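If you want the building blocks of each chain, they are given just below.
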Amino acid sequence: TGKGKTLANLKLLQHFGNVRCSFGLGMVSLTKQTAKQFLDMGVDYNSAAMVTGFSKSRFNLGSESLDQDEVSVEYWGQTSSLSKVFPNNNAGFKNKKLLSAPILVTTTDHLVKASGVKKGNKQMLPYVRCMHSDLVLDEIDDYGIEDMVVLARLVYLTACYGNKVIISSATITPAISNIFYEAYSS
Amino acid sequence: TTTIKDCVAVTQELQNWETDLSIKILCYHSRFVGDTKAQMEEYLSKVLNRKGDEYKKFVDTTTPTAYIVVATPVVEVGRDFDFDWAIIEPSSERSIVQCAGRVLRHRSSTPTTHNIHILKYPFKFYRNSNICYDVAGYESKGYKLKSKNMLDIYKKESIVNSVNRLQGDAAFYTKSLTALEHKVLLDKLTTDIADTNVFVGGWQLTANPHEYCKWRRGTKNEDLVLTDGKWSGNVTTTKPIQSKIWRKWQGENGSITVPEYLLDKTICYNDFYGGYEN
Amino acid sequence: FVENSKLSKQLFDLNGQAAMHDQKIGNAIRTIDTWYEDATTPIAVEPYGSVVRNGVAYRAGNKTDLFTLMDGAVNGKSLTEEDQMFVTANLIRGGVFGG
Amino acid sequence: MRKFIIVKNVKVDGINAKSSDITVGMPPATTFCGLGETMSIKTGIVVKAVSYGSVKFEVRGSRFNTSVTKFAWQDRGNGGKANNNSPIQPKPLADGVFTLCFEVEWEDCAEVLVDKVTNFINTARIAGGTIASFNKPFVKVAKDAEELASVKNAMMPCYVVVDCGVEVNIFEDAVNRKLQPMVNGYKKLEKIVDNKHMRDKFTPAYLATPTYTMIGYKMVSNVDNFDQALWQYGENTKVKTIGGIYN
DNA sequence: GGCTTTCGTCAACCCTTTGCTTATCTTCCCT
DNA sequence: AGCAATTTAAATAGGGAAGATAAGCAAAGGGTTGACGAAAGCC
RNA sequence: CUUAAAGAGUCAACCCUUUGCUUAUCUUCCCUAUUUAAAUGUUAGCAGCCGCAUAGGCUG
């Protein structure tokens, strides 16, 4: 920690060319931190899309003009061609930010539904998202055991279409690193 | 510490603790109202930032003071905090490594004697001596430690880093915490398909990997909501001990997440420490 | 005398009406003992000359308690009129004098 | 990867409590291993191990003497003596509510496995006792060790048998370390040359003296490893736990 | 030639008076 | 036709008496639960 | 195919009687419950008289 892991992940993604990735992170605030790093280093909202699907009421006080912080939800971005095959032209704000994002800095639960769902059509949007985009999962050790199982299911599904999985965990256990490699290998 | 009532027990003991030290106590668990919780976060991030000396102005560093933050595993995940020292209630070894990462995270000065004091037992030993590390840990009913003494299951003096988690040991998992951790990790995330496993094949066709392997599997979790100072369910606001509280932010809106088990009794929300059993 | 009563001072309320104990009165009847050693004021007739308030027993440790004078009289030691009157006063006070 | 079927609250009465000459009480693990191989024969589901626990168990009699059984005149040729009371050979009787958990390997649905075990148990006989009642058996699987403990805790409430081993002999340690002795198997003495008076004429027969191991009763949830409660036929003409000696 | 009935044959104690174990419970997290 | 306000503190202490006794009877039963060996009619 | 296989414990009852737990007790001292304030919400749905009306209108 403290060495700039997420910046190194973006560097590794950009080494192969232009970036198309889903930064799936635990917690809302860690996604906010990675979004703020992406904003102040080089990434605008035409490429980045911070997705936290709860609409929290945590606002910044003191000075709105002198903030230079509090990464928000606008996504000027670019609507992908996949929105025409989704129901009713995808959706409003949230699913447009999901599907059409080049870089999707999101909470992870908007990506683990790609592996499948019980009832409804909630699988298709993260499925089609992870089909054409890379997957970057940071500090996977903080998740639960079943959470890590479904995250490696997501890694297997992402590798099923040739995309690249970046795992960023310092305290990795050989077991975890191995089963994530075996999911990527399958 | 491990859980919320454990945190308020450590807080209520330390507040009533007579000493010459100027203890200033904070509670940092997850059961808090929208406003109060967010306020704790921003304050803690701006006082524990030790890459510069900007914090000297967010706390009273003029007077010798012990600024103590009693927290649950919400501090060891995703927090850019830098404490001078930590006292850890043992639940898992990755908790030890992460709370080591909350001490001297921003500085580079080496400690001289000892900067982490690990407790002898988790507090669930006095409540359940059969199993005590299952809360926020990989101990469970199928993987039981033979002894719960941390002299038996951990090194008495140890340089805590990622090395013990990085190495990986499957032998002697019943009397060491690290090998207990590694055992569970290879016995649940295995190269099989099972039904709740990771290579799942044949079952993707079925609804089984989405029912028996539930993402964010938590307890029932109902949400008692504070509406403008007036609580919804069986909450009953209370008064904290006002002995050593350094900072206490008030809250009026927001919601608290209470497990259905603790819904039976009053969660007794308080401005200083959120939920407990009283 | 009260303990767990959530009330600091009770009063003897015979059917609500304020009253004082019979033992309070009967102690004040037998406050006639002016025949102990440092005899300045009458004290209550007790086998030891004992008072709860002053924390001292005026007839203890100096061979003028009721038990030694009772043993003496019984045996044959002529009790002085004041000692005799003290022993008689403790007898009409009452109490177990065995052991 | 392990599969189990549990029959909970198996109320059985008329149990032949005479486990051996020196043990009277709970039937040993040879009895329940014999019950397991009995279903391996009638139902065809081949059983590796059985973990059995005692919910309730009372030996019929007083605290120092068992209630003997009034024998019936059933031998041939002793008519004329039939009016008098038949002589009593020692066979104590007992009642017991048990919980059984059979390690099976099955390849069909759980409903036909439950039906096969139910059809066996309806014609079974625990330790010579008629099965008075039993709950509907349920199938649970032990994929991992936490799942093994799930099966373990599904036998609640019952006191399972854990093996604690023989140090010197049976009487000494039963007084000293206070553990219970039971038949873990038998010792073969002589080959039997007369197969005329036996169940089969082709199955080889031996006179046997019961070997015993020393065991303890622990509640199934307080048992750390479920393999230390699953008894199975060992290859020493004995039975043994999968987890070995309980420590 | 067994075979089945009934009658005769051979014995002799030092006892003690409940526990065995003791039941399958919530931290993160975001939706 | 619902609205009923907030904090703050709930007493320190001294005592809970010893001396006596706590029955003596008389009962508490046995009745069946025997297998080999040996005469001795009997197919 | 489980020390497998098998087995009726039956019966009967008089616990009696007797009794002295008495004795004497000082609870007691102490003291600030203090300070506020719109009841608003139309706050009333009436009295006659024009009429067959308990339909509908008028009068203040």
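For the structure itself, look to the data block above.
Residues numbered from 1 in each chain as written, not as in the entry; some residues may be left out. Chains lettered and ligands numbered in written order. Part of a larger assembly, values for the part shown. Heavy atoms only, no water. Residues with missing side-chain atoms left out of burial classes, pairs and counts.

Chemist: Before we move on, could you go through helix 3 (residues 81–93) of chain C and cite the residues and values that matter?
Modeler: Residues and elements named next belong to chain C. Given a rise of 1.5 Å per residue, 13 residues ought to cover 18 Å, and the 18 Å separating the end C-alpha atoms of helix 3 matches this to within 8%. By the burial criterion, the buried members of helix 3 are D83, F86, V87, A89 and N90. Taken end-on, helix 3 shows its buried residues confined to a sector of 160°, consistent with a single buried face. In helix 3, those exposed residues whose orientation departs by more than 90 degrees from the buried face are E81, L91 and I92. Tucked into the core, helix 3 has its buried residues touching helix 2 (66–75). Two residues or fewer past helix 3, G94 is found with a positive phi of approximately 100°. (Helix = DSSP H or I, 4+ residues; strand = E, 2+ residues; numbered from the N terminus. Expected span 1.5 Å × (residues − 1). Buried < 20%, exposed > 50% of the residue type's maximum accessible area, 1.4 Å probe, protein only. Arc of directions from axis to C-beta. Contact = heavy atoms within 4.5 Å.)

Chemist: I'd love a proper account of the interface of chain D and chain B, names of residues and values included.
Modeler: One frequent convention defines the size of an interface as the accessible area lost when the parts assemble. Across the contact, twelve residues belong to chain D and nine residues belong to chain B. Looking at the side of chain D that touches chain B residue by residue, the class counts come to three nonpolar, five polar and four charged. (Nonpolar A, V, L, I, M, F, W, Y, C, P; charged D, E, K, R; others polar.)

Chemist: Account for the sheet that holds strand 1 (residues 21–25) of chain A, with residues named and values stated.
Modeler: All names here are of chain A. Pairing is parallel in the open sheet, where five strands are placed in the order 2-3-1-4-5. At either margin of the open sheet sits one strand with a lone partner, and together these are strand 2 (48–51) and strand 5 (165–168). Across the sheet, the mean angle separating the axes of adjacent strands is 15° when strand polarity is ignored. Direction of pairing for strand 2 relative to strand 3 (residues 103–107): parallel, over a ladder of four bridges. Bridge pairing in strand 3 links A48 to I103. (Pairing = 2+ DSSP bridges. Axes fitted to C-alpha atoms, helices over the stretch in contact; angles between N-to-C directions.)

Chemist: Explain the interface of chain A and chain B to me, using residue names and the numbers behind them.
Modeler: Each side of the interface is counted separately: chain A has 33 residues, and chain B has 37 residues. Taken together, the two surfaces of chain A and chain B that pack against each other cover about 3000 Å², and 63% of this comes from carbon and sulfur. For the interface between chain A and chain B, the tally reads two salt bridges. Here B:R217 and A:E146 are joined by a salt bridge, their closest N and O atoms 3.1 Å apart. At the boundary of chain A with chain B, the tally comes to eleven residue pairs in polar contact. (Buried area = accessible area lost by both parts, 1.4 Å probe. Salt bridge = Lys/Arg side-chain N within 4 Å of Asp/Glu carboxyl O. Polar contact = N/O pair within 3.5 Å; in protein donor to acceptor, adjacent residues only side chain to side chain.)

Chemist: Can you explain unusual backbone geometry? Please cite residues and give values.
Modeler: Outside of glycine, negative phi angles account for most residues, and trans bonds account for most peptide bonds. Residues and elements named next belong to chain D. Cis peptide bonds are those with omega within 30 degrees of zero, and the linkage from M156 to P157 qualifies with -5°. Within the chain, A127 stands out as a residue other than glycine whose phi angle is a positive 55°. Take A127: it is sitting in the loop between strand 4 (125–126) and strand 5 (129–133). Residue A127 is classed as buried on the basis of its relative accessible area of 12%.

Chemist: An account of the pattern of salt bridges is requested, with residue identities and associated values reported.
Modeler: Any two side chains of opposite charge can pair if their charged atoms end up close together. Per the counting criterion, the structure on display carries 27 salt bridges over all chains. With a shortest N-O distance of 3.7 Å, D:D194 and D:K196 are connected by a salt bridge. Classification of D:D194 by relative accessible area gives partly exposed; the value is 33%. Residue D:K196 is classed as exposed on the basis of its relative accessible area of 58%. Through salt bridges with shared partners, a single network forms among B:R50, B:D82, B:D84 and B:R107.

Chemist: Any chance you could break down the packing of aromatic side chains for me, citing the residues and the numbers?
Modeler: This structure, assessed with the given rule, holds 21 aromatic pairs over all chains. When the centroid spacing of 5.4 Å and the interplanar angle of 75° are considered together, the rings of B:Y273 and B:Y276 count as edge-to-face. Here the two residues B:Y273 and B:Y276 agree in accessibility, since each one is buried. Considering the side-chain rings of D:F32 and D:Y52, the 4.0 Å spacing of their centres and the 10° angle between planes classify their relative orientation as stacked. Of the two residues, D:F32 sits in helix 1 (residues 29–42) while D:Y52 sits in strand 2 (residues 47–59), which places them 20 residues apart along the sequence. In this pair, the class of D:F32 matches that of D:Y52, namely buried. Ring pairing ties together the aromatic residues B:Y43, B:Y67, B:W246 and B:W249, which thus form one cluster. Over the face of the ring belonging to C:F86 we find C:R59, whose NZ or CZ atom lies 3.6 Å from the ring centre. (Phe/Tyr/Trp six-rings, centres within 6.5 Å; stacked < 30°, edge-to-face > 60°. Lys NZ or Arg CZ within 6 Å of the ring centre and 35° of its normal.)

Chemist: Outline the protein's contact with RNA strand G, supporting the account with residue identities and numerical values.
Modeler: Near RNA strand G lie 40 residues; those nearest to it are D:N16, D:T31, D:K70, D:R125 and D:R199. The contact atoms of RNA strand G, taken as those within 4 Å of the protein, divide so that sugar and phosphate hold 58%. C:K24 has a polar side-chain atom sitting 2.9 Å from a phosphate oxygen of RNA strand G. Contact distances for RNA strand G include 2.7 Å between a phosphate oxygen and a side-chain N or O atom of D:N16. Among the elements that make up the surface near RNA strand G, the one with the highest residue count is helix 1 of chain D (eight residues). When the residues that make up the surface near RNA strand G are grouped by side-chain class, the tally is twelve nonpolar, 16 polar and twelve charged. (Near = heavy atom within 4 Å.)

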